[PDB]
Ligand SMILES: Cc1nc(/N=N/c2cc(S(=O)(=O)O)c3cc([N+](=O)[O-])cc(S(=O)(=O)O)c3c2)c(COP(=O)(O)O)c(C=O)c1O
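In the block that follows, a single chain appears as structure tokens, in the form deposited without the named molecule.
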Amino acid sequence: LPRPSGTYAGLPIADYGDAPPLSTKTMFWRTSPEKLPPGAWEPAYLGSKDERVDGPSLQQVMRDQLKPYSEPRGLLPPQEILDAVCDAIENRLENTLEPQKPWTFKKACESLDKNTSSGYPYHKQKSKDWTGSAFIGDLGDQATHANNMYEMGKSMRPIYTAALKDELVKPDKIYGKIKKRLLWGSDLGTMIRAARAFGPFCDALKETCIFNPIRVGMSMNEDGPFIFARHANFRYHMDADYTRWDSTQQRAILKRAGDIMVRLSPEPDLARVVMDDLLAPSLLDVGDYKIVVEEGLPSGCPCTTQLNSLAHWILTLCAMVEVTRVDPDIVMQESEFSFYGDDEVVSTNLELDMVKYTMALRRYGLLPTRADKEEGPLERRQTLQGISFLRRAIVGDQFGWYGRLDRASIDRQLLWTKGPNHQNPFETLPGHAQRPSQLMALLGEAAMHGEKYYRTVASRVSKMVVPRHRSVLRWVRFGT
């Protein structure tokens, strides 16, 4: 079975791998030597060297993350519905988005995050070869070549590098069945091409985050109250709370999302070439091998989150159109959506059979879940209160709607702080100076839950100094 040859984690091997070994470190440190202890979240599992527990290798942990990508896809929504949905979404974006100028090579390079890695093949921090206005040395070569390919409309095969997310998790994912989330890291070449191709559209969409349902680019504090006020114009509210959103995606769906992006781009012919590269079967470097991934979402590119939100919008509209039999453009007259990758809040005036809705979703291969369990139809409520979005609870009072971080999460940020990578999470940062500057984003947030809880959080102690009690509340809710 000559190349692609053999098999890794159920998937075809296309080549030898060049990725660096998976990180054994976390960026999180304890803020105090006192113990947590009980049920407290901690940084995700760090592998064989993880003093906290004996467990499998990070590569084993990663293989587990790769399983869903070889699961069979769910079904396409009915073709007539899918087409009608895409047309409606496309028409809505046509009416809302300000046509943009093409992005230059310069604009694309500047847009990139200089603190993250360049991925294949040099795997170096982008800032290393960055003069401030251009890439130099190795990265300069990789970037210029890609840009030349982009301008000639020539295809390039993206190469993603796999990683595991360093993040706080519930202890069970450490001390029980070990789990750590899969990350896809794009290559500099692809970042350049995707940014030139799609930066214009993504900018246009972002200027539009209040009027359109794709909320990528919103400030929870500043925009949340308006977005939520809009959702509240409608009778019914729900959140499908998806499991494994990315790995359950159909390239067939991603390609329709991609078609909309291409057609709404200022260089659609150049953009088309890039998008075809992005959605073609994916080369994923897992260290030993580069394996072929045909299905699911390939992430880590600039406009991934928008692409992913777009697919979500398509699927969500498909299910509602399937179930209610209402035209997608009419569904959008009678509803307000919020999408951020797999994150969603759906509000609507329509009478939606939640059994048929939950089943339509499942049929597409998605995994919606009840806040509790037993599937078992999704919930539908008549108030917005208590629904969540971007990790905040949506709250409403006489002044308006807002997003509020729960106390658990606020408490959590008190126990942990970011700093350089190290091996033992329980170590405290030794020169425990200042959570900036800012990070009194808690207090107000903490705040928000009332004077009683706010007071106890005012043990923002260090070590200058006060107060700032305690109509920080006024400042957070209304501001400036």
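Note that the rigid core is defined as the largest set of C-alphas that superpose within 1.5 Å between two forms. Start at 1 with the first residue shown and count on from there.
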Discussion item. When the other structures of this protein are compared, and only where the residues around it are present, is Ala40 absent from a third or more of them?
Written reply: no
Test item: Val61 lacks coordinates in at least a third of other entries: no
Higher avg CA temperature factor (50-58 vs 29-37, as deposited) belongs to 29-37
Averaging the C-alpha temperature factors as deposited, the higher value of 232-240 versus 293-301 falls on 293-301
Scanning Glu167, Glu375, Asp343, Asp329 for peak Cα temperature factor in the entry gives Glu375
Per the deposited entry, the peak Cα B-factor within the set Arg196, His145, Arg407, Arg363 goes to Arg407
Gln385: CA B-factor among chain residues, third -> highest
Of the three thirds of the chain ranked by Cα temperature factor, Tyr122 occupies the middle
Of the three thirds of the chain ranked by Cα temperature factor, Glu42 occupies the middle
Assert third(CA B-factor, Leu11) within chain per record equals lowest
Chain-relative C-alpha B factor for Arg73 (record values, thirds): the lowest
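Just so you know, the form solved in complex with the named molecule exists too; it's not on screen, but the next bit is about it.
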TL;DR on 48-56, 32-40, 450-458, 413-421: the one with heavy atoms within 4.5 Å of the named molecule in the bound PDB entry is 413-421
The one option of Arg392, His145, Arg157, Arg362 with any heavy atom within 4.5 Å of the named molecule in the bound PDB entry is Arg392
If we test each of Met220, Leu75, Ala232, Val326 for a heavy atom within 4.5 Å of the named molecule in the bound PDB entry, the one that passes is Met220
### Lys106, heavy atom within 4.5 angstroms of the named molecule in the bound PDB entry
no
Would you classify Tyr122 as touching the named molecule in the bound PDB entry, given a 4.5 Å non-hydrogen atom cut-off? no
Exercise. Using 4.5 Å between non-hydrogen atoms, is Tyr340 touching the named molecule in the bound PDB entry?
Worked result: yes
message = Residue-level contact is defined here as any heavy atom of the residue lying within 4.5 Å of the named molecule in the bound PDB entry; does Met27 satisfy this criterion?
response = yes
Out of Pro420, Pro436, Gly450, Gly39, the position with Cα displaced 2 angstroms or more between this form and the one not shown on rigid-core fit is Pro436
_Threshold 2 Å Cα movement between this form and the one not shown at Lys25, rigid core reference_ = no
Working note: in the bound PDB entry the C-alpha atoms of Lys35 and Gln438, off by 3 Å or more, come closer
